[PDB]
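This report concerns only the one structure given below.
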Amino acid sequence: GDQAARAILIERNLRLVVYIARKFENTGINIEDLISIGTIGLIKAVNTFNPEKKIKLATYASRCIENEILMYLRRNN
Amino acid sequence: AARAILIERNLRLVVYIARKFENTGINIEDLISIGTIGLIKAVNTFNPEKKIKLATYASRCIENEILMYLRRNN
Amino acid sequence: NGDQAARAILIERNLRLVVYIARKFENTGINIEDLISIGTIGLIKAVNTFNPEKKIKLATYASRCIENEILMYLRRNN
Amino acid sequence: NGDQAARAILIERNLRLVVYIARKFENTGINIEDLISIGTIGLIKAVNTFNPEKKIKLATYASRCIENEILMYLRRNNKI
Amino acid sequence: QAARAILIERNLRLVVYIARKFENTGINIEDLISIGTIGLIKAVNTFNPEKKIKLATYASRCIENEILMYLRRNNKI
Amino acid sequence: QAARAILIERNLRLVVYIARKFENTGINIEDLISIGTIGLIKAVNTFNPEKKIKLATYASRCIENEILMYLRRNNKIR
């Protein structure tokens, strides 16, 4: 029910995870870790997104994906 | 924490399972993302008293998530 | 129930959706007749559980439920 | 009641629907007068349960309720 | 009640007998039967299984009243 | 544990067999399969095994009834 609704929104924004993950890729930071971590942020975005406000999902998701990655990068120096 | 330890410690498992689907021609980046969803489902639904190890249960959930995604779109 | 009369209207209005989706799974050598039946079950579940004041259209939600029912049928029989 | 006035407006607005649907079911052994009354009960139920927040016309919804009352009446009286 | 349905269905003829006495207007008998049936439903929903007035007489009044109010609302009787 | 899908899957060809009976009705078979399936769903949800009637017997009655109601409602020859 609610699960299927979130799956639709998650799967439509997967490329957004990759796009942001590639920005943070460089020496020592493996892209495959960043895709996973970023995907976690996308899941958090879809679960907390409020469609009754004027921020589009892709913009709110971008913020959550970045945030998840930055906190991973700070946790692992 | 706790759950976040289990997830971060098994990110490589997603890559290992996703590479099994190389011959589908589907972008490995998308499979990894899809498989990560499977890994997060496995952690959220484990129950350690069922006598099944978390790595094997997660292997199933990761492979299954990818399989459903591939058949849903083929 | 008046709710069931409304659900019946939206199910019958969208039987074509079951066919359009069922026909995509024809390469998985299962009879189209079975796929329509299984897909219809997913349409019934969609209309029964759809939340109209959420932001997902009925056709989008029902396509997901029709797919999910077929995919569960394919995984049970493989 | 204000809500009674609103329901009255909607019932009277769709009485043509009762007659048209009843005429479709008129047959030998089935009195049109009975079908109009039975159909009118279906219309009353439609207006009392209709939800405008959904995406179904009242007329679409009413006609379904009208048909359903007439069908159950014919099944109940063994006129299938 | 489930017994409401029985009371209504076997008083359907009552609606016709009353509605037929108003077909000296310019309103179709079909609409009068529909309106009278509203009067019958109102009577059954507001009937007391007692008192010195019982179903048939109370239903006749409500059926006639609804038809009268429908015709007066459209400026006939 | 609650998987009643064994019952439903076992009666799918019953839907097609009944829907083929209306070959002479000008309704596409795809619609009749869906409508019949609705009938099978109602059968399994209201089947009483304590009564003396087999499920496939009761299921056929609801499958055919669902189709007949759909055809009457749409003014099609039965």
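Residues are named by chain letter and number: chains run A, B, ... in the order of the structure tokens, numbers start at 1 in each chain, and ligands are numbered from 1 in the order shown.
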Got a sec to pull out which chain C residues are within 10 Å of chain B, counting only C-alpha atoms, and send them as a list in words?
-> residues 24, 25, 27, 28, 64, 67, 68, 70, 71, 72, 74 and 75 of chain C
Those same residues - C-alpha atoms - I'd like them written as a CSV table (one decimal), in the first residue's frame.
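Resulting contents of out35.csv:
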chain,number,residue,atom,x,y,z
C,24,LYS,CA,4.3,-7.1,-21.5
C,25,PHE,CA,4.9,-10.4,-19.6
C,27,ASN,CA,7.6,-13.5,-23.3
C,28,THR,CA,7.5,-15.3,-19.9
C,64,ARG,CA,2.4,-1.0,-9.8
C,67,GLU,CA,2.8,-5.7,-11.9
C,68,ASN,CA,3.4,-6.7,-8.3
C,70,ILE,CA,2.0,-10.8,-11.7
C,71,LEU,CA,5.6,-10.7,-10.4
C,72,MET,CA,4.5,-12.6,-7.3
C,74,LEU,CA,5.9,-15.6,-11.6
C,75,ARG,CA,8.1,-16.0,-8.5
When the cut-off is 8 Å and we count only C-alpha atoms, which residues of chain A are near chain C, given as a PyMOL selection string?
-> chain A and resi 1+4-5+8+51
Pull C-alpha atoms from the residues just selected and write them as a PDB file, in the first residue's frame.
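Output file result.pdb follows:
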ATOM      1  CA  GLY A   1       0.000   0.000   0.000  1.00  0.00           C
ATOM      2  CA  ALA A   4       4.284   0.566  -3.219  1.00  0.00           C
ATOM      3  CA  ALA A   5       3.802   4.347  -3.276  1.00  0.00           C
ATOM      4  CA  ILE A   8       7.513   4.328  -7.277  1.00  0.00           C
ATOM      5  CA  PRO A  51       3.945  17.055  -1.176  1.00  0.00           C
TER       6      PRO A  51
END
If you count only C-alpha atoms, which residues fall within 12 Å of residue 41 of chain D, apart from same-chain ones fewer than 2 positions away, as a PyMOL selection string?
-> (chain D and resi 11+15+18+22+34-39+43-48+62-63+65-70+72-73) or (chain E and resi 5+8-9+12+33-42)
Take the residues from that selection and put them in a file with C-alpha atoms, as a CSV table (one decimal), in the first residue's frame.
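out36.csv written:
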chain,number,residue,atom,x,y,z
D,11,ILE,CA,-32.1,13.9,-6.2
D,15,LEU,CA,-34.8,11.9,-11.7
D,18,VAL,CA,-34.2,6.9,-12.9
D,22,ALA,CA,-36.0,1.9,-15.5
D,34,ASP,CA,-42.2,-0.6,-9.8
D,35,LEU,CA,-38.9,0.0,-11.5
D,36,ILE,CA,-39.2,3.8,-11.2
D,37,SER,CA,-39.8,3.4,-7.4
D,38,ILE,CA,-37.0,0.9,-7.0
D,39,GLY,CA,-34.7,3.0,-9.1
D,43,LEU,CA,-30.9,7.3,-6.5
D,44,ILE,CA,-31.6,8.2,-2.8
D,45,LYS,CA,-28.8,5.8,-1.7
D,46,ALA,CA,-26.4,7.3,-4.3
D,47,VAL,CA,-26.9,10.9,-3.1
D,48,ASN,CA,-26.6,9.9,0.6
D,62,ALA,CA,-26.1,7.4,-9.3
D,63,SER,CA,-26.7,5.3,-12.4
D,65,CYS,CA,-26.7,2.7,-7.7
D,66,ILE,CA,-29.9,2.8,-9.7
D,67,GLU,CA,-29.0,-0.2,-11.7
D,68,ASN,CA,-27.9,-2.1,-8.6
D,69,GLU,CA,-31.2,-1.6,-6.8
D,70,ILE,CA,-33.2,-2.7,-9.8
D,72,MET,CA,-31.3,-6.9,-6.8
D,73,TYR,CA,-35.0,-6.3,-7.0
E,5,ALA,CA,-37.2,-3.0,2.8
E,8,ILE,CA,-41.4,-0.2,1.3
E,9,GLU,CA,-41.6,-2.8,-1.4
E,12,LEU,CA,-45.1,0.6,-3.9
E,33,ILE,CA,-44.1,8.2,-8.9
E,34,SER,CA,-40.4,9.0,-8.2
E,35,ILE,CA,-41.4,12.0,-6.0
E,36,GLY,CA,-44.1,10.0,-4.3
E,37,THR,CA,-41.6,7.2,-3.6
E,38,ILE,CA,-39.4,9.8,-1.8
E,39,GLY,CA,-42.5,10.5,0.4
E,40,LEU,CA,-42.8,6.8,1.1
E,41,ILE,CA,-39.2,6.5,2.1
E,42,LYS,CA,-39.6,9.5,4.4
At most 12 Å is the cut-off: for each residue in chain F with any atom that close to an atom of chain C, write down the nearest atom pair and the distance in Å rounded to one decimal, counting only C-alpha atoms, chain first then increasing number, as CSV.
residue,atom,partner,partner_atom,distance
F:3,CA,C:76,CA,11.7
F:5,CA,C:73,CA,9.4
F:6,CA,C:76,CA,10.5
F:8,CA,C:38,CA,9.5
F:9,CA,C:38,CA,8.7
F:10,CA,C:34,CA,11.0
F:11,CA,C:34,CA,10.4
F:12,CA,C:34,CA,6.7
F:13,CA,C:34,CA,7.8
F:14,CA,C:34,CA,10.7
F:15,CA,C:37,CA,8.3
F:16,CA,C:33,CA,7.1
F:17,CA,C:33,CA,10.6
F:19,CA,C:33,CA,10.4
F:20,CA,C:33,CA,11.2
F:28,CA,C:16,CA,10.9
F:29,CA,C:33,CA,9.2
F:30,CA,C:36,CA,7.3
F:31,CA,C:15,CA,6.7
F:32,CA,C:15,CA,9.9
F:33,CA,C:37,CA,6.4
F:34,CA,C:37,CA,5.7
F:35,CA,C:12,CA,8.0
F:36,CA,C:37,CA,8.4
F:37,CA,C:37,CA,5.7
F:38,CA,C:41,CA,7.6
F:39,CA,C:37,CA,10.9
F:40,CA,C:37,CA,9.7
F:41,CA,C:41,CA,8.0
F:42,CA,C:41,CA,11.2
F:66,CA,C:8,CA,11.5
F:67,CA,C:12,CA,11.8
F:70,CA,C:12,CA,9.3
F:73,CA,C:12,CA,11.7
F:74,CA,C:12,CA,11.5
Going by DSSP on the backbone, which bits of chain A are alpha helix (DSSP H)? Write them as a PyMOL selection string, please.
-> chain A and resi 2-11+14-23+31-48+57-75
Put those residues in a file: C-alpha atoms, as a PDB file, in the first residue's frame.
ATOM      1  CA  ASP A   2       2.092   2.875   1.296  1.00  0.00           C
ATOM      2  CA  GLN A   3       5.141   0.746   0.490  1.00  0.00           C
ATOM      3  CA  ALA A   4       4.284   0.566  -3.219  1.00  0.00           C
ATOM      4  CA  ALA A   5       3.802   4.347  -3.276  1.00  0.00           C
ATOM      5  CA  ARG A   6       7.305   4.954  -1.910  1.00  0.00           C
ATOM      6  CA  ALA A   7       8.831   2.385  -4.281  1.00  0.00           C
ATOM      7  CA  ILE A   8       7.513   4.328  -7.277  1.00  0.00           C
ATOM      8  CA  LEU A   9       9.038   7.596  -6.067  1.00  0.00           C
ATOM      9  CA  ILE A  10      12.333   5.950  -5.085  1.00  0.00           C
ATOM     10  CA  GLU A  11      12.829   4.126  -8.387  1.00  0.00           C
ATOM     11  CA  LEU A  14      17.712   6.535  -8.938  1.00  0.00           C
ATOM     12  CA  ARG A  15      19.657   8.454 -11.573  1.00  0.00           C
ATOM     13  CA  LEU A  16      19.662  11.412  -9.183  1.00  0.00           C
ATOM     14  CA  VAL A  17      21.548   9.238  -6.671  1.00  0.00           C
ATOM     15  CA  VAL A  18      24.179   8.395  -9.282  1.00  0.00           C
ATOM     16  CA  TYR A  19      24.503  11.970 -10.553  1.00  0.00           C
ATOM     17  CA  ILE A  20      25.215  13.291  -7.059  1.00  0.00           C
ATOM     18  CA  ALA A  21      27.451  10.344  -6.190  1.00  0.00           C
ATOM     19  CA  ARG A  22      29.728  11.057  -9.153  1.00  0.00           C
ATOM     20  CA  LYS A  23      30.329  14.599  -7.874  1.00  0.00           C
ATOM     21  CA  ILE A  31      31.659   5.354  -6.400  1.00  0.00           C
ATOM     22  CA  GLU A  32      29.915   2.107  -5.425  1.00  0.00           C
ATOM     23  CA  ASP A  33      29.940   3.071  -1.748  1.00  0.00           C
ATOM     24  CA  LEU A  34      28.624   6.529  -2.649  1.00  0.00           C
ATOM     25  CA  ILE A  35      25.755   5.117  -4.708  1.00  0.00           C
ATOM     26  CA  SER A  36      24.722   2.909  -1.794  1.00  0.00           C
ATOM     27  CA  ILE A  37      25.036   5.709   0.781  1.00  0.00           C
ATOM     28  CA  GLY A  38      23.278   8.154  -1.525  1.00  0.00           C
ATOM     29  CA  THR A  39      20.457   5.668  -2.096  1.00  0.00           C
ATOM     30  CA  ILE A  40      19.967   5.646   1.668  1.00  0.00           C
ATOM     31  CA  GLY A  41      19.440   9.408   1.517  1.00  0.00           C
ATOM     32  CA  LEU A  42      16.898   9.005  -1.276  1.00  0.00           C
ATOM     33  CA  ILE A  43      14.933   6.543   0.831  1.00  0.00           C
ATOM     34  CA  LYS A  44      14.987   9.011   3.729  1.00  0.00           C
ATOM     35  CA  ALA A  45      13.809  11.785   1.408  1.00  0.00           C
ATOM     36  CA  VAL A  46      10.825   9.815   0.086  1.00  0.00           C
ATOM     37  CA  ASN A  47       9.786   8.774   3.604  1.00  0.00           C
ATOM     38  CA  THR A  48       9.793  12.374   4.915  1.00  0.00           C
ATOM     39  CA  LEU A  57      10.724  16.020  -4.575  1.00  0.00           C
ATOM     40  CA  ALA A  58      13.853  15.955  -6.752  1.00  0.00           C
ATOM     41  CA  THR A  59      15.157  19.088  -4.991  1.00  0.00           C
ATOM     42  CA  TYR A  60      14.383  17.765  -1.499  1.00  0.00           C
ATOM     43  CA  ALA A  61      15.890  14.408  -2.481  1.00  0.00           C
ATOM     44  CA  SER A  62      19.046  16.086  -3.760  1.00  0.00           C
ATOM     45  CA  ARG A  63      19.476  17.709  -0.354  1.00  0.00           C
ATOM     46  CA  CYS A  64      18.981  14.429   1.516  1.00  0.00           C
ATOM     47  CA  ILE A  65      21.278  12.479  -0.822  1.00  0.00           C
ATOM     48  CA  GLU A  66      24.059  15.055  -0.443  1.00  0.00           C
ATOM     49  CA  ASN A  67      23.553  15.127   3.324  1.00  0.00           C
ATOM     50  CA  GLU A  68      23.793  11.342   3.653  1.00  0.00           C
ATOM     51  CA  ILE A  69      27.022  11.328   1.629  1.00  0.00           C
ATOM     52  CA  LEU A  70      28.597  14.234   3.534  1.00  0.00           C
ATOM     53  CA  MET A  71      27.886  12.566   6.879  1.00  0.00           C
ATOM     54  CA  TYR A  72      29.461   9.344   5.595  1.00  0.00           C
ATOM     55  CA  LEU A  73      32.520  11.292   4.417  1.00  0.00           C
ATOM     56  CA  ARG A  74      32.869  13.038   7.790  1.00  0.00           C
ATOM     57  CA  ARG A  75      32.378   9.781   9.708  1.00  0.00           C
TER      58      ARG A  75
END
d(atom CA of residue 43 of chain B, atom CA of residue 3 of chain B) in Å =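 We find that atom CA of residue 43 of chain B and atom CA of residue 3 of chain B lie 6.9 Å from each other.
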Shell around residue 2 of chain C at 6 Å using only C-alpha atoms, local window under 2 positions removed, as a ChimeraX atom specification | /C:4-5 /D:49
For the atom pair atom CA of residue 15 of chain B and atom CA of residue 58 of chain B, what is the interatomic distance in Å to one decimal place?
->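 Between these atoms lies a distance of 12.4 Å.
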Grab the atom CA of residue 63 of chain E to atom CA of residue 14 of chain E distance for me, in Å with one decimal place.
->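 Answer for the atom CA of residue 63 of chain E to atom CA of residue 14 of chain E separation: 8.5 Å.
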Mind dumping a table of every chain F residue within 10 Å of chain D, with the nearest atom pair and its distance in Å to one decimal, using only C-alpha atoms, sorted by chain and rising number, as JSON lines?
{"residue": "F:68", "atom": "CA", "partner": "D:80", "partner_atom": "CA", "distance": 9.8}
{"residue": "F:69", "atom": "CA", "partner": "D:71", "partner_atom": "CA", "distance": 8.0}
{"residue": "F:72", "atom": "CA", "partner": "D:71", "partner_atom": "CA", "distance": 8.7}
{"residue": "F:73", "atom": "CA", "partner": "D:67", "partner_atom": "CA", "distance": 6.9}
{"residue": "F:75", "atom": "CA", "partner": "D:24", "partner_atom": "CA", "distance": 8.2}
If you take only C-alpha atoms and a cut-off of 9 Å, which residues of chain C touch chain D, and what are their nearest atom pairs and distances in Å to one decimal, in chain and number order, as JSON lines?
{"residue": "C:1", "atom": "CA", "partner": "D:49", "partner_atom": "CA", "distance": 8.8}
{"residue": "C:2", "atom": "CA", "partner": "D:49", "partner_atom": "CA", "distance": 5.9}
{"residue": "C:3", "atom": "CA", "partner": "D:49", "partner_atom": "CA", "distance": 8.0}
{"residue": "C:5", "atom": "CA", "partner": "D:64", "partner_atom": "CA", "distance": 7.0}
{"residue": "C:6", "atom": "CA", "partner": "D:61", "partner_atom": "CA", "distance": 6.8}
{"residue": "C:9", "atom": "CA", "partner": "D:64", "partner_atom": "CA", "distance": 7.8}
{"residue": "C:10", "atom": "CA", "partner": "D:56", "partner_atom": "CA", "distance": 8.4}
{"residue": "C:52", "atom": "CA", "partner": "D:54", "partner_atom": "CA", "distance": 6.8}
{"residue": "C:53", "atom": "CA", "partner": "D:53", "partner_atom": "CA", "distance": 8.4}
